[PDB]
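Below is one structure, written out as structure tokens; comments come after it.
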Amino acid sequence: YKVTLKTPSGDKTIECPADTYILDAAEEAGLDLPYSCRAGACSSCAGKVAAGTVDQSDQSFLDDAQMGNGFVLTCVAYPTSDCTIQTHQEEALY
Amino acid sequence: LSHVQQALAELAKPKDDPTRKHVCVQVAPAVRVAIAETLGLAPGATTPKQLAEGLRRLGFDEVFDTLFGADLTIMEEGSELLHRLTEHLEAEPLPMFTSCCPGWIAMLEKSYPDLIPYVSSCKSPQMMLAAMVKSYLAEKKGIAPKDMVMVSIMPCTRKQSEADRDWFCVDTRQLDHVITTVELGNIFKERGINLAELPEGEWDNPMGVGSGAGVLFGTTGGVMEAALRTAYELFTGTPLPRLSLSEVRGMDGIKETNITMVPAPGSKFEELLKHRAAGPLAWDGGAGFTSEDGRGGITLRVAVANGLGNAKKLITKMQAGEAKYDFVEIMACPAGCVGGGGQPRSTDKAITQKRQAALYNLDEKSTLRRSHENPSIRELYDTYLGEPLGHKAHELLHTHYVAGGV
Ligand code: SF4
Ligand code: FES
């Protein structure tokens with residue numbers, strides 16, 4: 001799935017697998033993001049759902065209400081369909 | 001303007017400037033190790049002395065380390081923990097949660113406001129030191145709290161909001177500005193000051209007197225560990241080494257440890273379990289054990305949760321009565337504190353381990369040192385604090401939570 005990862009340096013429309021979290025694919029391709037845990041630890045790696053659809057089950061306090069607004073944990077979530085997702089922004093969920 | 005910029009404003013003012021105040025700064029060990037990456041170096045390349053030297057040359061007046069503040073936290077939190085235990089043996093409940101992480105406290109204030117009394121009332125290390133310097137140090141040095149500005153270097157953005165808590169005032173701030181590793185490192189490069197090319201500087205003593213950061217040679221093993229250690233050593237009378245946290249099968253990122261606590265012979269603690277035997281989280285009574293001779297003890301169940309997304313899956317296990325623990329530490333970082341959002345970003349999926357290993361040297365790791373052996377801490381707890389959990393301690397070393405968040 002082609003995901004338009006919005007970053008402070010612009011955008012990065014790369015191919016994200018349906019079985020692999022966008023976070024891994026982002027850094028593996030070439031992006032500025034914190035990678036270490038992946039099991040949903042820090043909220044600093046929370047992406048912003050601009051459009052499309054993403055799937056997250058095991059996450060933090062940002063549940064459906066936040067997901068439907070544009071908050072998803074890209075470390076334990078993948079794009080169910082091609083879309084644009086922001087990255088660096090942990091203040092919008094505080 | 002950003003809180004970081006505000007600090008630079010005061011620093012820009014001459015030392016002898018009529019409107020210039022005393023700008024003290026406190027750095028964290030987790031920053032000292034990763035600060036090298038901001039200069040394109042290996043984690044741990046920058047010495048603590050080099051960092052202090054650089055900071056002092058930035059325009060700062062006093063440079064302190066968070067270790068001194070942590071030494072206080074260990075004493076207070078340890079005493080509160082011991083209190084919770086002793087009170088239960090006599091018949092703040094349990095389990096008890098650690099409060100350092102600002103990300104965790106926000107969750108218990110907005111998501112789970114029913115676990116408020118379960119968490120410690122002790123303040124964070126940096127918030128303790130900040131309050132101490134703006135009081136004891138202010139009075140000792142003879143400076144007004146309004147003429148003292150304090151900055152802190154934290155590896156997490158959430159630390160600013162922690163110091164931004166309304167009631168965290170003196171006697172309008174205990175902590176005025178917080179700067180992250182990435183920002184601090186950029187400032188150094190902006191001014192043209194390379195830490196890797198600086199001599200071995202020196203730290204300031206928060207006590208106002210003496211040379212050094214006020215910390216003795218030796219690691220504490222961590223706030224949680226040192227707190228447990230202090231309680232264990234006073235309850236058992238036996239020394240406690242380093243705790244080897246083991247991962248829990250079924251819960252990724254969750255580590256547990258069972259500490260066999262045996263009441264010291266000839267102590268009130270021994271009489272407690274001899275004179276007697278028998279909230280959303282109801283204590284099970286504690287995992288106790290006994291021998292056919294009449295002498296037994298209790299094993300403390302400690303657990304560590306790494307991540308806010310991990311707490312959600314952990315608390316639900318405790319609520320169901322599946323995961324029974326007595327002491328639980330919740331971190332807002334992926335692994336420890338060396339991997340916060342304020343830390344630099346290098347090409348390594350396991351850069352966290354490198355910083356953790358470079359936190360202390362071989363000697364510092366081998367040399368164990370507790371806060372109750374620190375002359376500076378002992379003195380502070382005598383001339384000003386009086387006693388742990390005391391009046392002054394409850395004032396500047398303790399705090400409360402807000403149901404609904406800040
Ligand atoms: S862990 Fe992250 S958040 Fe908790 S204290 Fe150390 S730095 Fe601040
Ligand atoms: S790796 Fe820490 S959550 Fe993205």
Margin query: I'd like to verify a number: residues in the stretch A:1-41 that are within 16 Å of ligand 2 (Cβ to nearest atom), out of contact with any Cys (no Cβ under 6 Å at 6 or more places or on another chain) and hydrophobic (A, V, I, L, M, F, W, C), how many?
Written below: 9
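Scanning for something part of a helix (DSSP H, G or I) and either closer than 30 Å to residue B:282 by Cβ or touching a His at 6+ places or on another chain (Cβ under 9 Å) (or both), does the stretch B:360-380 turn up at least one residue? Can you show your working first?
Step one: filter the stretch B:360-380 for residues part of a helix (DSSP H, G or I), giving B:362-366, B:371-373, B:375-380.
Okay, now just the ones that are also either closer than 30 Å to residue B:282 by Cβ or touching a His at 6+ places or on another chain (Cβ under 9 Å) (or both), so B:378.
So far as the stretch B:360-380 goes, yes, one or more of its residues are part of a helix (DSSP H, G or I) and either closer than 30 Å to residue B:282 by Cβ or touching a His at 6+ places or on another chain (Cβ under 9 Å) (or both).
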Margin query: Return the pair list, or none, for Cβ contacts closer than 7 Å from residues in the stretch A:40-61 that are closer than 24 Å to residue A:11 by Cβ to residues that are within 12 Å of ligand 2 (Cβ to nearest atom) and of a type in the set (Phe, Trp, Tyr), at least 6 apart or on different chains.
Written below: none
Check: What helices (runs of 4 or more DSSP H) lie completely within the stretch B:8-92 and have 1 or more residues being β-branched (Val, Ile, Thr)?
Finding: B:29-34, B:66-90
Margin query: Going residue by residue through the stretch A:26-45, is there one that turns out to be more than 13 Å from every other protein chain (Cβ to nearest Cβ) and surrounded by 18 or more Cβ atoms within 10 Å (Cβ to Cβ)?
Written below: no
Next item on the list: Within the stretch B:325-345, identify whether any single residue is among the charged types (D, E, K, R), surrounded by fewer than 22 Cβ atoms within 10 Å (Cβ to Cβ) and not assigned by CATH to the domain that holds residue B:254, and answer yes or no.
Entry: yes
Notebook entry, point to check: Within the stretch B:353-361, is even one residue more than 14 Å from chain A (Cβ to nearest Cβ) and over 25 Å from residue B:185 (Cβ atoms)?
Noted result: no
Next item on the list: Mind listing just one residue for me: the one in the stretch B:146-160 that is more than 15 Å from the chain's Cα centre (by Cα) and over 12 Å from residue B:127 (Cα atoms) and, of those, surrounded by the fewest Cβ atoms within 10 Å (Cβ to Cβ)?
Entry: B:147
Check: Hey, residue B:101 hits all of (1) of a type in the set (A, V, I, L, M, F, W, C); (2) crowded, with 23+ Cβ neighbours inside 10 Å; (3) away from chain A (no Cβ under 14 Å) but one; which does it fall short on?
Finding: (3)
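Hey, could you check the stretch B:336-349 for residues that are more than 10 Å from ligand 1 (Cβ to nearest atom) and not hydroxyl-bearing (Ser, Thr, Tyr) and say which is nearest to residue B:179 (Cα to Cα)?
Ranking the qualifying residues of the stretch B:336-349, first place goes to B:344.
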Check: Which ones in the stretch B:316-330 are in contact with a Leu (Cβ under 9 Å, 6 or more places away or on another chain) and either within 11 Å of chain A (Cβ to nearest Cβ) or within 16 Å of ligand 1 (Cβ to nearest atom) (or both)?
Finding: B:328, B:330
Check: Quick one: how many residues across the stretch B:60-80 are touching a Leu at 6+ places or on another chain (Cβ under 7 Å) and more than 15 Å from residue B:153 (Cα to Cα)?
Finding: 4
Margin query: Just to be sure I understand, how many residues within the stretch A:46-89 are in a loop (DSSP other than H, G, I, E, B) and either within 14 Å of chain B (Cβ to nearest Cβ) or β-branched (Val, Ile, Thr) (or both)?
Written below: 16
Note to self: Please verify whether residue B:196 is in contact with a strand residue (DSSP E or B) (Cβ under 9 Å, 6 or more places away or on another chain), farther than 25 Å from residue B:304 by Cβ and either in a helix (DSSP H, G or I) or away from ligand 2 (no atom under 16 Å from the Cβ) (or both), treating the condition exactly as stated.
What the structure shows: no
Notebook entry, point to check: What is the one condition in (1) surrounded by 18 or more Cβ atoms within 10 Å (Cβ to Cβ); (2) outside the structural domain of residue B:154 (by CATH); (3) in contact with a strand residue (DSSP E or B) (Cβ under 7 Å, 6 or more places away or on another chain) that residue B:247 does not satisfy?
Noted result: (1)
Note to self: Suppose the filter is in contact with a helix residue (DSSP H, G or I) (Cβ under 6 Å, 6 or more places away or on another chain) and under 30 Å from residue B:279 (Cα atoms); does residue B:389 pass it?
What the structure shows: yes
Next item on the list: Only residues in the stretch B:217-243 that are under 23 Å from residue B:65 (Cβ atoms) count as the first member; pair them with residues that are basic (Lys, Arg) and surrounded by fewer than 19 Cβ atoms within 10 Å (Cβ to Cβ), Cβ under 6 angstrom, at least 6 apart or cross-chain, and list the lot.
Entry: B:218/B:369; B:219/B:365; B:221/B:242
Check: Could you list, in sequence order, the residues of the stretch B:331-352 that are more than 17 Å from residue B:28 (Cα to Cα), outside any helix (DSSP H, G or I) and at the interface with chain A (Cβ under 10 Å from one of its Cβ atoms)?
Finding: B:334, B:345, B:347, B:348, B:349, B:350
Check: Would it be correct to say that residue B:133 is more than 16 Å from ligand 1 (Cβ to nearest atom) and either under 23 Å from residue B:300 (Cα atoms) or not assigned by CATH to the domain that holds residue B:391 (or both)?
Finding: yes
Next item on the list: Would you mention how many residues in the stretch B:264-284 are within 29 Å of the chain's Cα centre (by Cα) and surrounded by 12 or more Cβ atoms within 10 Å (Cβ to Cβ)?
Entry: 6
Checklist line | Residue list for the stretch B:305-315, restricted to those being hydrophobic (A, V, I, L, M, F, W, C) and within 14 Å of ligand 1 (Cβ to nearest atom) | finding: B:305, B:308, B:311
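Basis: the model, the stated rules and, where named, an outside source; no laboratory instrument gave them. Every residue, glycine as well, gets a Cβ built from its backbone with ideal geometry; the counts of neighbours run over all protein chains shown.
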